[PDB]
Every structure is written in C-alpha cells, then in structure tokens.
$ cat final_5.txt   # compact mmCIF, C-alpha atoms
# COMPACT_ATOMS: atom_id res chain seq x y z
CA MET L 1 20.15 -10.70 -12.12
CA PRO L 2 22.01 -7.95 -10.14
CA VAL L 3 21.24 -6.18 -6.85
CA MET L 4 19.13 -3.11 -7.47
CA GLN L 5 18.75 0.20 -5.68
CA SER L 6 15.65 0.30 -3.51
CA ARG L 7 13.38 2.45 -1.47
CA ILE L 8 11.16 1.19 1.30
CA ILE L 9 7.87 3.08 1.17
CA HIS L 10 5.97 2.95 4.45
CA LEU L 11 3.40 4.63 6.69
CA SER L 12 1.55 4.09 9.96
CA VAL L 13 -2.08 2.89 10.31
CA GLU L 14 -4.08 3.40 13.49
CA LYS L 15 -5.64 -0.07 13.62
CA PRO L 16 -4.38 -3.35 15.19
CA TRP L 17 -1.81 -5.29 13.12
CA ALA L 18 -4.06 -8.37 12.71
CA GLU L 19 -7.01 -6.33 11.37
CA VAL L 20 -4.80 -4.51 8.84
CA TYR L 21 -3.42 -7.85 7.65
CA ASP L 22 -6.92 -9.36 7.50
CA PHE L 23 -8.10 -6.57 5.16
CA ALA L 24 -4.88 -6.05 3.16
CA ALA L 25 -3.90 -9.72 2.61
CA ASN L 26 -7.28 -10.48 1.00
CA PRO L 27 -6.48 -10.05 -2.74
CA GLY L 28 -10.15 -9.34 -3.52
CA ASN L 29 -9.92 -6.11 -1.48
CA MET L 30 -6.93 -4.97 -3.55
CA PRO L 31 -8.95 -3.09 -6.22
CA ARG L 32 -10.20 -0.90 -3.34
CA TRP L 33 -6.81 0.64 -2.57
CA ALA L 34 -4.42 -0.38 -5.41
CA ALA L 35 -5.29 2.08 -8.23
CA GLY L 36 -3.69 -0.13 -10.91
CA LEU L 37 -6.31 -2.75 -10.01
CA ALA L 38 -9.30 -0.40 -9.74
CA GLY L 39 -10.54 -2.22 -12.88
CA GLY L 40 -10.77 -5.51 -10.93
CA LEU L 41 -8.91 -8.62 -9.77
CA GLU L 42 -10.21 -12.10 -10.61
CA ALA L 43 -9.14 -15.42 -9.08
CA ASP L 44 -7.42 -17.66 -11.64
CA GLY L 45 -6.08 -21.16 -10.71
CA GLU L 46 -4.52 -20.46 -7.26
CA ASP L 47 -3.40 -16.98 -8.42
CA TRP L 48 -4.94 -13.73 -9.66
CA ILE L 49 -5.34 -11.88 -12.95
CA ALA L 50 -5.81 -8.18 -13.71
CA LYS L 51 -7.71 -7.82 -16.99
CA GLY L 52 -7.74 -4.96 -19.48
CA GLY L 53 -6.79 -1.58 -20.85
CA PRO L 54 -3.33 -0.46 -22.06
CA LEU L 55 -1.45 -3.68 -21.32
CA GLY L 56 -4.37 -6.10 -21.23
CA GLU L 57 -2.63 -8.65 -19.01
CA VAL L 58 -0.88 -8.91 -15.64
CA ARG L 59 -0.85 -11.88 -13.28
CA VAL L 60 -0.23 -11.55 -9.51
CA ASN L 61 0.95 -14.32 -7.16
CA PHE L 62 0.64 -13.71 -3.40
CA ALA L 63 2.60 -15.23 -0.53
CA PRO L 64 0.62 -17.87 1.36
CA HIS L 65 -1.24 -16.96 4.57
CA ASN L 66 1.05 -16.52 7.52
CA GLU L 67 1.40 -15.08 10.99
CA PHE L 68 4.28 -12.72 10.10
CA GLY L 69 2.27 -9.91 8.45
CA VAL L 70 3.80 -10.79 5.05
CA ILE L 71 1.85 -9.88 1.87
CA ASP L 72 4.66 -10.25 -0.69
CA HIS L 73 3.56 -10.76 -4.27
CA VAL L 74 5.17 -11.40 -7.66
CA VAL L 75 3.74 -9.49 -10.63
CA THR L 76 4.20 -11.14 -14.02
CA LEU L 77 4.38 -8.52 -16.76
CA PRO L 78 2.76 -9.20 -20.18
CA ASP L 79 6.28 -9.75 -21.57
CA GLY L 80 7.03 -12.50 -19.02
CA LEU L 81 9.19 -10.56 -16.55
CA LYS L 82 8.42 -11.42 -12.90
CA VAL L 83 8.72 -8.54 -10.47
CA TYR L 84 9.00 -9.27 -6.76
CA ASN L 85 7.31 -6.80 -4.36
CA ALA L 86 8.06 -7.25 -0.62
CA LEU L 87 5.06 -5.97 1.32
CA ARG L 88 4.62 -6.33 5.05
CA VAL L 89 2.56 -5.26 8.03
CA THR L 90 4.17 -5.11 11.56
CA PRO L 91 3.03 -3.80 15.01
CA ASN L 92 3.75 -0.15 15.76
CA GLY L 93 2.61 0.12 19.38
CA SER L 94 -1.22 -0.10 19.20
CA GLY L 95 -1.14 0.49 15.44
CA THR L 96 0.70 -0.83 12.40
CA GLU L 97 3.56 0.01 10.04
CA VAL L 98 2.83 -0.94 6.41
CA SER L 99 5.89 -1.17 4.13
CA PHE L 100 6.61 -1.78 0.46
CA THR L 101 10.12 -2.51 -0.84
CA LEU L 102 10.45 -0.80 -4.23
CA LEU L 103 13.23 -2.17 -6.44
CA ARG L 104 14.56 -0.03 -9.25
CA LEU L 105 14.19 -1.95 -12.54
CA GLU L 106 17.13 -1.98 -14.99
CA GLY L 107 17.55 1.11 -17.19
CA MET L 108 14.96 3.18 -15.24
CA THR L 109 15.27 6.95 -15.14
CA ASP L 110 15.20 8.85 -11.82
CA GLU L 111 11.77 10.21 -12.87
CA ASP L 112 10.48 6.70 -13.63
CA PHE L 113 11.43 5.55 -10.14
CA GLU L 114 9.95 8.63 -8.48
CA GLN L 115 6.61 8.22 -10.31
CA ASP L 116 6.53 4.56 -9.23
CA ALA L 117 7.24 5.58 -5.61
CA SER L 118 4.62 8.32 -5.48
CA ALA L 119 2.07 5.87 -6.95
CA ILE L 120 2.82 3.21 -4.29
CA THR L 121 2.60 5.88 -1.58
CA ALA L 122 -0.85 6.89 -2.81
CA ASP L 123 -1.92 3.23 -2.80
CA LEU L 124 -0.74 2.89 0.84
CA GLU L 125 -2.35 6.21 1.76
CA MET L 126 -5.67 4.91 0.35
CA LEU L 127 -5.27 1.70 2.39
CA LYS L 128 -4.71 3.82 5.53
CA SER L 129 -7.84 5.91 4.71
CA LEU L 130 -10.02 2.81 4.24
CA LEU L 131 -8.94 1.15 7.51
CA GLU L 132 -9.19 4.27 9.68
CA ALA L 133 -12.76 5.09 8.53
CA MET P 1 12.11 -8.44 -32.93
CA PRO P 2 10.25 -11.05 -35.03
CA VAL P 3 6.73 -10.91 -36.50
CA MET P 4 4.15 -11.85 -33.87
CA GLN P 5 0.92 -13.88 -33.86
CA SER P 6 -2.13 -11.69 -33.91
CA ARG P 7 -5.80 -11.16 -33.39
CA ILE P 8 -7.89 -8.21 -34.57
CA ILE P 9 -10.64 -7.54 -32.04
CA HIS P 10 -13.48 -5.47 -33.49
CA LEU P 11 -17.14 -4.47 -33.21
CA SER P 12 -19.68 -2.01 -34.55
CA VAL P 13 -20.97 1.16 -32.90
CA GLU P 14 -24.25 2.73 -34.00
CA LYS P 15 -22.99 6.30 -33.94
CA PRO P 16 -21.39 8.33 -36.75
CA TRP P 17 -17.68 7.80 -37.32
CA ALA P 18 -16.69 11.37 -36.34
CA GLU P 19 -18.29 11.38 -32.88
CA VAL P 20 -16.91 7.92 -32.03
CA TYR P 21 -13.40 9.18 -32.86
CA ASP P 22 -13.81 12.53 -31.07
CA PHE P 23 -14.77 10.64 -27.90
CA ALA P 24 -12.36 7.67 -28.13
CA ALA P 25 -9.34 9.77 -29.20
CA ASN P 26 -9.69 11.91 -26.05
CA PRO P 27 -7.19 10.26 -23.68
CA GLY P 28 -9.03 11.96 -20.80
CA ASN P 29 -12.00 9.72 -21.68
CA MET P 30 -10.00 6.51 -21.50
CA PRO P 31 -10.52 5.76 -17.75
CA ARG P 32 -14.27 5.61 -18.57
CA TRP P 33 -13.84 2.54 -20.82
CA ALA P 34 -10.30 1.05 -20.65
CA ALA P 35 -10.38 -1.09 -17.45
CA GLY P 36 -6.59 -1.13 -16.95
CA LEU P 37 -6.96 2.66 -16.72
CA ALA P 38 -10.10 2.80 -14.52
CA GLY P 39 -7.94 4.31 -11.75
CA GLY P 40 -7.01 7.31 -13.93
CA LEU P 41 -4.56 8.61 -16.55
CA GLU P 42 -2.54 11.81 -16.03
CA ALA P 43 -1.07 14.07 -18.74
CA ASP P 44 2.73 14.20 -18.39
CA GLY P 45 5.11 16.08 -20.71
CA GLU P 46 2.93 15.51 -23.80
CA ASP P 47 2.61 11.84 -22.79
CA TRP P 48 0.29 10.09 -20.38
CA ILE P 49 1.14 8.07 -17.30
CA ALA P 50 -1.12 5.63 -15.53
CA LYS P 51 -0.17 5.00 -11.88
CA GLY P 52 0.11 2.79 -9.98
CA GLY P 53 -1.13 -0.47 -8.51
CA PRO P 54 0.80 -3.70 -9.10
CA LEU P 55 3.00 -2.23 -11.84
CA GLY P 56 3.57 1.18 -10.20
CA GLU P 57 3.75 3.16 -13.46
CA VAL P 58 3.13 2.79 -17.19
CA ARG P 59 3.52 5.40 -19.95
CA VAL P 60 1.22 5.85 -22.92
CA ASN P 61 2.06 7.71 -26.12
CA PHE P 62 -0.80 8.41 -28.56
CA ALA P 63 -0.87 9.07 -32.28
CA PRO P 64 -1.46 12.78 -33.08
CA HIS P 65 -5.08 13.78 -33.82
CA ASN P 66 -5.73 12.86 -37.44
CA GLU P 67 -8.44 12.57 -40.08
CA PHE P 68 -8.17 8.74 -40.42
CA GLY P 69 -9.81 7.56 -37.18
CA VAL P 70 -6.38 6.34 -36.00
CA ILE P 71 -5.98 6.08 -32.22
CA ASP P 72 -2.80 3.96 -32.12
CA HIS P 73 -0.84 4.00 -28.85
CA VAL P 74 2.54 2.76 -27.58
CA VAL P 75 2.63 1.41 -24.02
CA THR P 76 5.91 1.47 -22.06
CA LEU P 77 5.96 -1.20 -19.36
CA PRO P 78 7.97 -0.36 -16.19
CA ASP P 79 10.72 -2.69 -17.42
CA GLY P 80 10.93 -0.51 -20.52
CA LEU P 81 9.34 -2.72 -23.18
CA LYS P 82 7.41 -0.67 -25.75
CA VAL P 83 4.11 -2.27 -26.86
CA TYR P 84 2.41 -0.97 -30.00
CA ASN P 85 -1.42 -1.15 -30.07
CA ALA P 86 -3.11 -0.33 -33.35
CA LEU P 87 -6.60 1.00 -32.69
CA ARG P 88 -8.73 2.55 -35.41
CA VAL P 89 -12.30 3.71 -36.00
CA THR P 90 -13.75 3.58 -39.58
CA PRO P 91 -17.17 4.15 -41.26
CA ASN P 92 -19.52 1.18 -41.40
CA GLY P 93 -22.60 2.44 -43.20
CA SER P 94 -24.11 5.19 -41.00
CA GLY P 95 -22.16 3.72 -38.10
CA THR P 96 -18.66 2.77 -37.12
CA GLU P 97 -16.34 -0.22 -37.01
CA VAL P 98 -13.91 -0.14 -34.07
CA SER P 99 -10.83 -2.36 -34.20
CA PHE P 100 -7.85 -3.20 -31.99
CA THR P 101 -4.82 -5.14 -33.28
CA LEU P 102 -3.62 -7.53 -30.54
CA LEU P 103 -0.05 -8.74 -31.01
CA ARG P 104 1.12 -11.81 -29.09
CA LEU P 105 4.38 -11.04 -27.22
CA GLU P 106 7.18 -13.56 -26.65
CA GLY P 107 6.39 -15.18 -23.30
CA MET P 108 2.61 -15.05 -23.37
CA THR P 109 0.69 -18.31 -22.86
CA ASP P 110 -2.50 -19.33 -24.71
CA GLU P 111 -4.57 -18.41 -21.65
CA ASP P 112 -2.77 -15.07 -21.32
CA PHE P 113 -3.41 -14.32 -24.97
CA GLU P 114 -7.07 -15.37 -24.62
CA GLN P 115 -7.56 -13.38 -21.41
CA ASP P 116 -5.98 -10.38 -23.14
CA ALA P 117 -8.39 -10.67 -26.13
CA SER P 118 -11.23 -11.08 -23.64
CA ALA P 119 -10.34 -7.88 -21.79
CA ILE P 120 -9.94 -5.88 -24.97
CA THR P 121 -13.37 -7.08 -26.12
CA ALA P 122 -14.98 -5.80 -22.87
CA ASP P 123 -13.22 -2.42 -23.18
CA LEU P 124 -14.67 -2.05 -26.70
CA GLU P 125 -18.07 -3.32 -25.55
CA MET P 126 -17.98 -0.64 -22.86
CA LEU P 127 -17.04 2.14 -25.30
CA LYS P 128 -20.03 0.92 -27.31
CA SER P 129 -22.52 1.21 -24.41
CA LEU P 130 -21.18 4.63 -23.46
CA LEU P 131 -21.53 5.98 -27.01
CA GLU P 132 -24.94 4.41 -27.72
CA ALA P 133 -26.68 5.51 -24.47

$ encode --input "final_5.txt" --output "structure tokens"
Amino acid sequence: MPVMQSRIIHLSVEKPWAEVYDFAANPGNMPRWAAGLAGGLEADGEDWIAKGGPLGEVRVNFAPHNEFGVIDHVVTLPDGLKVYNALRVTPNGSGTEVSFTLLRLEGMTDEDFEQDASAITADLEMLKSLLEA
Amino acid sequence: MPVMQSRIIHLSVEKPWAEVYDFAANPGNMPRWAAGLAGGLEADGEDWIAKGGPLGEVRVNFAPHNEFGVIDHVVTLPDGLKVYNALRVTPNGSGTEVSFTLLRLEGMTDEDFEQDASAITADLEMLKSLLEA
C-alpha cells in the first residue's frame, strides 16, 4: 500500500480552538457542514453509518476524544476499502487552523483529485460559516 | 467479477407510469429523494458528480431517456469501482411499480447489506410521498 501524493486543505476560523473542536468533533453535527452527510449520520455500535442514495452504504470511524485537536476518521467504502482522513484543529493566535490531509487514491485523474479537494474546501468553508455566526 | 447475491427493492406509486418516470428520470430531482444526494448533484461533462462529504466525490452516469421506464445508473466510487444500479418504473394498473436491483458487493457484511436495502427502501418511500402529495 504505497505512499500517495497529498494536499493539505486548510483554513482559519475566528473562534477558540476548544470551541471549534467541541462542535466539529461531535459526529452528529457532521451532516451540518459535510455535504456528503447532509442526508444524515446515525450511531451504529461505537461507530457511525451514512445511509442512502447512489452508494447506499458508508461507515465512518472517528478517532477517540483527545486534547490534541485530532478528528481523524476512517471511511469504509461499500466495496470494503478503508480510507484514512487526517483532520485536525490547532490554535492560530486567538483563532483556529482547521486542516484536512487529502490522499490521492490509486489511478485517480488530476480532475478527480481537484473535484475532491474543492468539495473538502467547501465542507470546511461551511464549518467556518457555522462557527462564526 | 462473479455473479452477486441480490435483492429487488420495490413498491407501488399511485400516479400514472409516465409522470413517475418524467420526475424520477430527472437527475436534477434526485437530491429531493435520494438521501446520499441530499447535499446536491451537479451536471459535469454529460455526467453527474455528487460532492463531497466523507467520500469527497462520486460520479453518476445515467441511462439515456427511453420509453421503457429505465433509470439505471452506474456509480463510480472515488477508488474507481463502478457500481451498476438497475432502477425501473413500470405500469401497475393505473399506477406504477418502482424497483431497484440491489447487488451485494464482495466485502459487504449482512448488516451492511441490510442497512443498504433499508436506505434504498426509504429513498423509494420518499419518491412515493413526493409524487402522491
């Protein structure tokens, strides 16, 4: 399972680091800013399930609660492939830097990667919007 | 790629066959009833892309508009697996039978398969409410 090209998508939020983590680390808030989950996220035996639509079935496993701003999760695709998403919140002066490490999956086109990245960016932008209102 | 286990999910809609197809075959109407797509579906190069969420990006290719009530679609997961969903609308008296052919992929569990069937059911139940109101 070889090292992949990556991009770290990130932006600044004008709220204290702890408060951004409190809101963002709660998986039940995830349908509010992660557009792929706008349909809903249900708790399912320690982990979480996203039900319906095109691919009817993804599972998400989150990192356990911590004091390092870490909200990493593994997404299990319907075909069984587990995709690791590093996601973290750190202090940026009085505010916060939110970052997502996007790994290029095998055989992906440049356009596939760019669509993925602009989608994650919009998800983080929506998180920023929510917190700053 | 061997023959897979299957389930045909189906229900009846008390609207003529032609107006159930005209609505359900409009991919711009899909966010209204397919939960995995609740966050939107954009036209892209004569295909559709749903972004983003956990999975970042998924492509959907539909069957061309036909006279058979066929609304088949192929879903391309971000790891590149192509998933064929047979979906068809047919006359049932003065109404309509709506059916979705669920194929069990290698590396699904019984609870994943069940949860998948469950989510398809609710998508069809939602298309039913929308059309009957």

$ closest_residue --input "final_5.txt" --among "P:102, P:59, P:132, P:95" --to "residue 81 in chain P" --atoms "only C-alpha atoms"
P:59

$ closest_residue --input "final_5.txt" --among "L:17, L:23, L:84, L:68" --to "chain P" --atoms "all atoms listed in the file"
L:84

$ interface_residues --input "final_5.txt" --of "chain L" --to "chain P" --cutoff "10 Å" --atoms "all atoms listed in the file" --output "number ranges by chain"
L: 30-31, 33-40, 49-60, 73-81, 83, 85, 102, 104-108, 112-124

$ atom_distance --input "final_5.txt" --atom1 "CA of residue 14 in chain L" --atom2 "CA of residue 131 in chain L"
8.0 Å

$ closest_residue --input "final_5.txt" --among "L:18, L:128, L:103, L:44" --to "residue 90 in chain L" --atoms "all atoms listed in the file"
L:18

$ residues_around --input "final_5.txt" --residues "residue 69 in chain L" --least-positions-apart "4" --cutoff "12 Å" --atoms "only C-alpha atoms" --output "PyMOL selection string"
chain L and resi 16-25+63-65+86-91+96-99

$ write_last_selection --input "final_5.txt" --atoms "C-alpha atoms" --output "mmCIF file, in the coordinates of the input"
data_model
loop_
_atom_site.group_PDB
_atom_site.id
_atom_site.type_symbol
_atom_site.label_atom_id
_atom_site.label_comp_id
_atom_site.auth_asym_id
_atom_site.auth_seq_id
_atom_site.Cartn_x
_atom_site.Cartn_y
_atom_site.Cartn_z
ATOM 1 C CA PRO L 16 -4.380 -3.350 15.190
ATOM 2 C CA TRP L 17 -1.810 -5.290 13.120
ATOM 3 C CA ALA L 18 -4.060 -8.370 12.710
ATOM 4 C CA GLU L 19 -7.010 -6.330 11.370
ATOM 5 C CA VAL L 20 -4.800 -4.510 8.840
ATOM 6 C CA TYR L 21 -3.420 -7.850 7.650
ATOM 7 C CA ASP L 22 -6.920 -9.360 7.500
ATOM 8 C CA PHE L 23 -8.100 -6.570 5.160
ATOM 9 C CA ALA L 24 -4.880 -6.050 3.160
ATOM 10 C CA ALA L 25 -3.900 -9.720 2.610
ATOM 11 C CA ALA L 63 2.600 -15.230 -0.530
ATOM 12 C CA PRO L 64 0.620 -17.870 1.360
ATOM 13 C CA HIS L 65 -1.240 -16.960 4.570
ATOM 14 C CA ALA L 86 8.060 -7.250 -0.620
ATOM 15 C CA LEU L 87 5.060 -5.970 1.320
ATOM 16 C CA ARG L 88 4.620 -6.330 5.050
ATOM 17 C CA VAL L 89 2.560 -5.260 8.030
ATOM 18 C CA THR L 90 4.170 -5.110 11.560
ATOM 19 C CA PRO L 91 3.030 -3.800 15.010
ATOM 20 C CA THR L 96 0.700 -0.830 12.400
ATOM 21 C CA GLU L 97 3.560 0.010 10.040
ATOM 22 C CA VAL L 98 2.830 -0.940 6.410
ATOM 23 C CA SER L 99 5.890 -1.170 4.130
#

$ atom_distance --input "final_5.txt" --atom1 "CA of residue 82 in chain P" --atom2 "CA of residue 111 in chain P"
21.8 Å

$ atom_distance --input "final_5.txt" --atom1 "CA of residue 126 in chain L" --atom2 "CA of residue 7 in chain L"
19.3 Å

$ closest_residue --input "final_5.txt" --among "P:41, P:3, P:15, P:9" --to "residue 92 in chain P" --atoms "only C-alpha atoms"
P:15

$ closest_residue --input "final_5.txt" --among "L:94, L:101, L:66, L:26" --to "residue 6 in chain L" --atoms "only C-alpha atoms"
L:101

$ axis_aligned_box --input "final_5.txt" --around "range 60-66 of chain P" --padding-each-side "3 Å" --output "lines of an AutoDock Vina configuration file"
center_x = -1.8
center_y = 9.8
center_z = -30.2
size_x = 13.8
size_y = 13.9
size_z = 20.5

$ decode --input "final_5.txt" --residues "range 69-97 of chain P" --atoms "N, CA, C and O atoms" --output "PDB file, in the first residue's frame"
ATOM      1  N   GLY P  69     -39.277   3.145 -19.099  1.00  0.00           N
ATOM      2  CA  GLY P  69     -39.174   3.459 -17.669  1.00  0.00           C
ATOM      3  C   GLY P  69     -37.832   3.127 -17.023  1.00  0.00           C
ATOM      4  O   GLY P  69     -37.734   3.013 -15.799  1.00  0.00           O
ATOM      5  N   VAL P  70     -36.790   2.948 -17.828  1.00  0.00           N
ATOM      6  CA  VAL P  70     -35.480   2.545 -17.291  1.00  0.00           C
ATOM      7  C   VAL P  70     -34.694   3.754 -16.787  1.00  0.00           C
ATOM      8  O   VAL P  70     -34.474   4.709 -17.525  1.00  0.00           O
ATOM      9  N   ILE P  71     -34.290   3.715 -15.519  1.00  0.00           N
ATOM     10  CA  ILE P  71     -33.497   4.790 -14.937  1.00  0.00           C
ATOM     11  C   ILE P  71     -32.211   4.240 -14.315  1.00  0.00           C
ATOM     12  O   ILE P  71     -31.702   4.792 -13.329  1.00  0.00           O
ATOM     13  N   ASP P  72     -31.695   3.153 -14.892  1.00  0.00           N
ATOM     14  CA  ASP P  72     -30.407   2.578 -14.497  1.00  0.00           C
ATOM     15  C   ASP P  72     -29.320   3.648 -14.315  1.00  0.00           C
ATOM     16  O   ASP P  72     -29.273   4.635 -15.060  1.00  0.00           O
ATOM     17  N   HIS P  73     -28.444   3.452 -13.338  1.00  0.00           N
ATOM     18  CA  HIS P  73     -27.257   4.309 -13.228  1.00  0.00           C
ATOM     19  C   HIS P  73     -26.015   3.551 -12.749  1.00  0.00           C
ATOM     20  O   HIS P  73     -26.121   2.555 -12.033  1.00  0.00           O
ATOM     21  N   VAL P  74     -24.849   4.002 -13.203  1.00  0.00           N
ATOM     22  CA  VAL P  74     -23.563   3.458 -12.759  1.00  0.00           C
ATOM     23  C   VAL P  74     -22.917   4.474 -11.823  1.00  0.00           C
ATOM     24  O   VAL P  74     -22.789   5.645 -12.164  1.00  0.00           O
ATOM     25  N   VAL P  75     -22.552   4.027 -10.625  1.00  0.00           N
ATOM     26  CA  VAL P  75     -21.865   4.871  -9.663  1.00  0.00           C
ATOM     27  C   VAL P  75     -20.378   4.527  -9.641  1.00  0.00           C
ATOM     28  O   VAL P  75     -20.016   3.350  -9.532  1.00  0.00           O
ATOM     29  N   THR P  76     -19.533   5.557  -9.764  1.00  0.00           N
ATOM     30  CA  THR P  76     -18.078   5.408  -9.664  1.00  0.00           C
ATOM     31  C   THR P  76     -17.590   5.947  -8.320  1.00  0.00           C
ATOM     32  O   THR P  76     -17.538   7.166  -8.099  1.00  0.00           O
ATOM     33  N   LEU P  77     -17.258   5.018  -7.426  1.00  0.00           N
ATOM     34  CA  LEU P  77     -16.670   5.330  -6.136  1.00  0.00           C
ATOM     35  C   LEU P  77     -15.302   5.988  -6.357  1.00  0.00           C
ATOM     36  O   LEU P  77     -14.679   5.780  -7.405  1.00  0.00           O
ATOM     37  N   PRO P  78     -14.843   6.806  -5.384  1.00  0.00           N
ATOM     38  CA  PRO P  78     -13.584   7.545  -5.508  1.00  0.00           C
ATOM     39  C   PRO P  78     -12.339   6.651  -5.643  1.00  0.00           C
ATOM     40  O   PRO P  78     -11.232   7.144  -6.016  1.00  0.00           O
ATOM     41  N   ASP P  79     -12.507   5.360  -5.342  1.00  0.00           N
ATOM     42  CA  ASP P  79     -11.427   4.407  -5.583  1.00  0.00           C
ATOM     43  C   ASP P  79     -11.561   3.783  -6.970  1.00  0.00           C
ATOM     44  O   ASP P  79     -10.764   2.934  -7.353  1.00  0.00           O
ATOM     45  N   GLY P  80     -12.591   4.199  -7.708  1.00  0.00           N
ATOM     46  CA  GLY P  80     -12.734   3.810  -9.094  1.00  0.00           C
ATOM     47  C   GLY P  80     -13.608   2.604  -9.366  1.00  0.00           C
ATOM     48  O   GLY P  80     -13.786   2.240 -10.530  1.00  0.00           O
ATOM     49  N   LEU P  81     -14.158   1.968  -8.331  1.00  0.00           N
ATOM     50  CA  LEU P  81     -15.109   0.870  -8.588  1.00  0.00           C
ATOM     51  C   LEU P  81     -16.424   1.375  -9.185  1.00  0.00           C
ATOM     52  O   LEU P  81     -17.032   2.315  -8.664  1.00  0.00           O
ATOM     53  N   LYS P  82     -16.841   0.745 -10.283  1.00  0.00           N
ATOM     54  CA  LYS P  82     -18.106   1.067 -10.934  1.00  0.00           C
ATOM     55  C   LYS P  82     -19.231   0.127 -10.466  1.00  0.00           C
ATOM     56  O   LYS P  82     -19.121  -1.094 -10.574  1.00  0.00           O
ATOM     57  N   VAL P  83     -20.304   0.726  -9.954  1.00  0.00           N
ATOM     58  CA  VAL P  83     -21.415   0.020  -9.318  1.00  0.00           C
ATOM     59  C   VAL P  83     -22.686   0.253 -10.134  1.00  0.00           C
ATOM     60  O   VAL P  83     -23.153   1.384 -10.250  1.00  0.00           O
ATOM     61  N   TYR P  84     -23.236  -0.825 -10.690  1.00  0.00           N
ATOM     62  CA  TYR P  84     -24.391  -0.745 -11.549  1.00  0.00           C
ATOM     63  C   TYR P  84     -25.705  -0.933 -10.762  1.00  0.00           C
ATOM     64  O   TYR P  84     -25.903  -1.957 -10.106  1.00  0.00           O
ATOM     65  N   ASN P  85     -26.576   0.076 -10.810  1.00  0.00           N
ATOM     66  CA  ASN P  85     -27.855   0.027 -10.115  1.00  0.00           C
ATOM     67  C   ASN P  85     -28.978  -0.009 -11.142  1.00  0.00           C
ATOM     68  O   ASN P  85     -29.190   0.958 -11.865  1.00  0.00           O
ATOM     69  N   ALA P  86     -29.692  -1.117 -11.221  1.00  0.00           N
ATOM     70  CA  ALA P  86     -30.842  -1.171 -12.102  1.00  0.00           C
ATOM     71  C   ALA P  86     -32.037  -0.605 -11.349  1.00  0.00           C
ATOM     72  O   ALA P  86     -32.345  -1.029 -10.230  1.00  0.00           O
ATOM     73  N   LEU P  87     -32.673   0.381 -11.966  1.00  0.00           N
ATOM     74  CA  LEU P  87     -33.823   1.064 -11.406  1.00  0.00           C
ATOM     75  C   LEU P  87     -34.816   1.279 -12.545  1.00  0.00           C
ATOM     76  O   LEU P  87     -34.465   1.809 -13.585  1.00  0.00           O
ATOM     77  N   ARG P  88     -36.053   0.851 -12.347  1.00  0.00           N
ATOM     78  CA  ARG P  88     -37.031   0.858 -13.417  1.00  0.00           C
ATOM     79  C   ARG P  88     -38.398   1.146 -12.849  1.00  0.00           C
ATOM     80  O   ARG P  88     -38.695   0.790 -11.702  1.00  0.00           O
ATOM     81  N   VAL P  89     -39.226   1.780 -13.675  1.00  0.00           N
ATOM     82  CA  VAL P  89     -40.598   2.159 -13.339  1.00  0.00           C
ATOM     83  C   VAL P  89     -41.466   1.484 -14.405  1.00  0.00           C
ATOM     84  O   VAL P  89     -41.117   1.544 -15.588  1.00  0.00           O
ATOM     85  N   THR P  90     -42.542   0.792 -13.994  1.00  0.00           N
ATOM     86  CA  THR P  90     -43.412   0.034 -14.922  1.00  0.00           C
ATOM     87  C   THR P  90     -44.898   0.177 -14.531  1.00  0.00           C
ATOM     88  O   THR P  90     -45.194   0.435 -13.356  1.00  0.00           O
ATOM     89  N   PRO P  91     -45.834   0.070 -15.511  1.00  0.00           N
ATOM     90  CA  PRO P  91     -47.254   0.164 -15.142  1.00  0.00           C
ATOM     91  C   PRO P  91     -47.729  -0.918 -14.178  1.00  0.00           C
ATOM     92  O   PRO P  91     -47.342  -2.090 -14.290  1.00  0.00           O
ATOM     93  N   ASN P  92     -48.547  -0.508 -13.220  1.00  0.00           N
ATOM     94  CA  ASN P  92     -49.181  -1.433 -12.295  1.00  0.00           C
ATOM     95  C   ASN P  92     -50.641  -0.994 -12.157  1.00  0.00           C
ATOM     96  O   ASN P  92     -50.982  -0.147 -11.316  1.00  0.00           O
ATOM     97  N   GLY P  93     -51.496  -1.543 -13.017  1.00  0.00           N
ATOM     98  CA  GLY P  93     -52.828  -0.992 -13.200  1.00  0.00           C
ATOM     99  C   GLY P  93     -52.736   0.468 -13.646  1.00  0.00           C
ATOM    100  O   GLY P  93     -51.970   0.799 -14.559  1.00  0.00           O
ATOM    101  N   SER P  94     -53.491   1.341 -12.976  1.00  0.00           N
ATOM    102  CA  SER P  94     -53.487   2.782 -13.272  1.00  0.00           C
ATOM    103  C   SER P  94     -52.331   3.495 -12.585  1.00  0.00           C
ATOM    104  O   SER P  94     -52.179   4.723 -12.692  1.00  0.00           O
ATOM    105  N   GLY P  95     -51.519   2.709 -11.882  1.00  0.00           N
ATOM    106  CA  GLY P  95     -50.382   3.211 -11.143  1.00  0.00           C
ATOM    107  C   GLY P  95     -49.080   2.627 -11.646  1.00  0.00           C
ATOM    108  O   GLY P  95     -48.958   2.237 -12.815  1.00  0.00           O
ATOM    109  N   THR P  96     -48.108   2.564 -10.743  1.00  0.00           N
ATOM    110  CA  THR P  96     -46.725   2.336 -11.109  1.00  0.00           C
ATOM    111  C   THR P  96     -46.071   1.398 -10.109  1.00  0.00           C
ATOM    112  O   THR P  96     -46.306   1.517  -8.905  1.00  0.00           O
ATOM    113  N   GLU P  97     -45.265   0.463 -10.604  1.00  0.00           N
ATOM    114  CA  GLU P  97     -44.336  -0.262  -9.741  1.00  0.00           C
ATOM    115  C   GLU P  97     -42.932   0.285  -9.950  1.00  0.00           C
ATOM    116  O   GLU P  97     -42.482   0.424 -11.088  1.00  0.00           O
TER     117      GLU P  97
END
